[PDB]
Amino acid sequence: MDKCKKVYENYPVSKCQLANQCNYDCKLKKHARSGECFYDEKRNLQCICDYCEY
């Protein structure tokens, strides 16, 4: 379900504990439109940036 949603590579995932932090870093640093932390198929938390949805 790709191309809109990209993984923030090398993101320190402790920061997913901070409210809105992945969102914030995705917008300001990756110049994406939003971001949220999700678990991947290896059951690891990831910050995922979204360059389409706000």
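The chain as shown is numbered from 1 upward.
Method reported for this entry: X-ray crystallography, 1.5 Å.
Placed from the backbone N, Cα and C atoms, the Cβ positions cover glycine too.
The disulfide bond annotation in Swiss-Prot covers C4-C52 (among others). Around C4 (disulfide bond), taking its Cβ as the centre, 13 other Cβ atoms fall within 10 Å, counting all chains. In the three-state DSSP classification, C4 (disulfide bond) falls within coil.
For the recorded site, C37 (disulfide bond), the DSSP three-state label reads strand. Annotation source Swiss-Prot lists disulfide bond at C16-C37 (among others).
Proximity of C22 (disulfide bond) to non-local residues of its own chain (separation of 6 or more, Cβ distance below 8 Å) is seen for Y8, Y11, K15, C16, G35, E36, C37, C47, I48, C49, given in sequence order. Sequence annotations record features per position, and here Swiss-Prot assigns disulfide bond to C22-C47 (among others).
In this structure, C49 (disulfide bond) is part of a beta strand by DSSP. Taken from Swiss-Prot, the feature disulfide bond applies to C26-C49 (among others).
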